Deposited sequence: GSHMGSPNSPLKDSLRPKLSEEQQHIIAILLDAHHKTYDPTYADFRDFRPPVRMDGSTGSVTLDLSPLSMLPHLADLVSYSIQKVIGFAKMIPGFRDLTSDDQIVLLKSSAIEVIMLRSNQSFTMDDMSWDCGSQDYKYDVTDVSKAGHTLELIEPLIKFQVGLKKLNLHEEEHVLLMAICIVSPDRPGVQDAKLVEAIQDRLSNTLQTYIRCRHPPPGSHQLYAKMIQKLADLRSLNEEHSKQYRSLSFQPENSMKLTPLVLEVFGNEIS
């Protein structure tokens, strides 16, 4: 049985997501334009990423119990989560027809060769596409989508966390909501091992994040916020 507090936590996260993700993609007009030379797509995706960092921050703030953390713990959690939660969010625009991210128009349909033109090797792109395909194949309810983003953000084992017990306590509450959700609301055969498969997607994102942490004249073409978050 899903408790009242649990459905409230879902209701919150759905709304929080609605406010931080605009599926019209109308703000994309404001970015430096996409040019399709080396790194011709870098400015445009760096802006997208920057804009997306902001949205993730808006979303995080609405996670129940996140405001109860110190501003330091909030800051480190978002520093580490940003890129993961972006790859997550992006599943919404991602389509398996093309294996591309389709954001309403040709100019904003981003394929492997676009990501490449932002200066990225197949070493990152490939784990990244396998991830989007795997996640799409899960076929999450929008409820499970937002819980997974929340859970991803509020992880006690991220570098720089002071009060892990509190981070952990906030997270536990979300996972329990998700686990109880799946039982009560996800029917079979989709429900099969869907929690352990989701937690796996969380491990694939940590890797992607760490591989990205490894991968000056390019640092200029990024944004202030992006440089602040990725160092």
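Several segments of the deposited sequence have no coordinates for C-alpha: 1-17, 54-65, 245-251, 268-271, numbered from the first residue.
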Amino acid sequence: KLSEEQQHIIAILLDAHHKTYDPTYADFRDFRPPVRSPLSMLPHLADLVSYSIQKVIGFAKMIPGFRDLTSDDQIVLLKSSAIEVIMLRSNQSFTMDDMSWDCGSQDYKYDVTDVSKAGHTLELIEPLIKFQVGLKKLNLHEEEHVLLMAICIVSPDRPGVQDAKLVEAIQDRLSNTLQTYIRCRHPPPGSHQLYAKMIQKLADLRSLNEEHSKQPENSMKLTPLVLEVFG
From here on, numbers count along this sequence of modelled residues.
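Here the rigid core means the biggest group of C-alpha atoms that line up within 1.5 Å when the two forms are laid on top of each other.
Relative to the shown model and aligned on the rigid core, the C-alphas in 9 other deposited structures of this protein deviate most, among 186-194 and 55-63, for 186-194. Of the two segments, 165-173 and 43-51, the one listed with the higher mean B-factor is 165-173 (C-alpha atoms only). If you average the C-alpha B-factors over 96-104 and over 145-153, the higher value belongs to 96-104. Taking the PDB entry at face value, the top CA B factor among 20, 213, 207, 223 belongs to 213.
Looking at the C-alpha B-factors along this chain, the one for residue 134 belongs to the lowest third. Annotation for residue 65: C-alpha temperature factor in the highest third relative to the rest of the modelled chain, per the entry. In the PDB entry, residue 190 places in the middle third of its chain by CA B-factor. In this PDB entry, residue 117 carries a Cα temperature factor that places it within the highest third of its chain's modelled residues. In this PDB entry, the Cα temperature factor of residue 184 sits in the top third of its chain's modelled residues, the highest group.
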